[PDB]
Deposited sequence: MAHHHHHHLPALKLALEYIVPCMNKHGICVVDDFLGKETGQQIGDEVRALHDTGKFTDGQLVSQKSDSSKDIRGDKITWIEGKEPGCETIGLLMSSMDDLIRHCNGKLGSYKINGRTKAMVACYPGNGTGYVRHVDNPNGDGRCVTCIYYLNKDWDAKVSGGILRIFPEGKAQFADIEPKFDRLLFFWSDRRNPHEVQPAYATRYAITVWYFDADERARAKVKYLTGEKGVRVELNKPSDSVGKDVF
């Protein structure tokens, strides 16, 4: 369970070099399947509008909370070494469902205009996923780098990449149901001025 070694000796150098880092078998089969059940259960609450946002404290979402906690640990152990960013917080977890009728997601930059988000963190929970059959590959186009990077939404896979213009990415069509959980980490300075100019933050919330 050497998270400090994983962070300093793998995640950090990997991100500084490529701006993309893949960590396989993050939480183990049992934990990953637990997350799968929690995520599929979100449907029966009618939470999906498909995406839903999870804080982690919700009843029936505590394994998701475990994942988020683990994610936070790795980031905490990195602190100060991921670029010149200073991570002071994150978003809630966004749970995405691609129904699997050829539905993907068009090429886009997560944070093109500086809303504070510096690192994207994705966990995939698709048990026995085969991208040969079911597709759903995430293709990232790292800025200036040669070829693109194809990343299978493999079960229990954790992915990190820069959120800014350096990593335009698209999700290729899914031919089976494809779930992912995403958290975005905030850089202190970028986030500070983002609250100044954008309708983001607590003030960004609608009241009845």
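Colleague: What stretches of this chain's deposited sequence are missing C-alpha coordinates?
Modeller: Missing C-alpha atoms (numbering from 1) occur across the ranges 1-8, 58-75, 235-247.
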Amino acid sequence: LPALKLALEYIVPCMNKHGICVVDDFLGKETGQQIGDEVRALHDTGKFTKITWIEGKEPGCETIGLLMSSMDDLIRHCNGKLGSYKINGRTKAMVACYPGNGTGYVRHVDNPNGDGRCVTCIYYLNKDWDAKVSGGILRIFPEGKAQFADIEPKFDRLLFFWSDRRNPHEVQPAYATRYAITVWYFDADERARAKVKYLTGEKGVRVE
From here on, numbers count along this sequence of modelled residues.
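Whichever C-alpha set is largest while still superposing within 1.5 Å between the two forms counts as the rigid core.
Colleague: Between 85-93 and 130-138, which one strays more from this form in 5 other deposited structures of this protein if you match the rigid core and compare Cα atoms?
Modeller: When 85-93 and 130-138 are compared in 5 other deposited structures of this protein, the bigger C-alpha shift is seen for 130-138.
Colleague: For a rigid core alignment of each structure in 5 other deposited structures of this protein onto the shown form, which stretch has the higher root mean square Cα deviation: 38-46 or 172-180?
Modeller: Comparing 172-180 with 38-46, the one that moves more in 5 other deposited structures of this protein is 38-46.
Colleague: Taking only the CA atoms, which stretch has the higher mean B-factor in the record, 178-186 or 143-151?
Modeller: Result: 143-151.
Colleague: Averaging only over Cα atoms, indicate whether 168-176 or 39-47 has the higher B-factor in the PDB entry.
Modeller: Mean C-alpha B-factor is greater for 39-47.
Colleague: What third of its chain, lowest, middle or highest, does the C-alpha temperature factor of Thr103 fall into?
Modeller: Highest third - that is where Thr103 ends up once the chain's C-alpha B-factors are sorted.
Colleague: By its CA B factor, does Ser134 count among the lowest, middle or highest third of the modelled residues in the chain?
Modeller: Its C-alpha B-factor belongs to the lowest third of this chain's values.
Colleague: What third of the chain does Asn113 rank in for C-alpha temperature factor, lowest, middle or highest?
Modeller: CA B-factor rank for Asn113: middle third.
Colleague: Taking the C-alpha B-factors as the PDB entry records them, is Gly204 in the lowest, middle or highest third of its chain?
Modeller: Tercile = middle for this residue's CA B-factor.
Colleague: Hey, what third does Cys14 fall into on Cα B-factor, ranked over its chain?
Modeller: According to the entry, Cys14 has a C-alpha B-factor in the chain's highest third.
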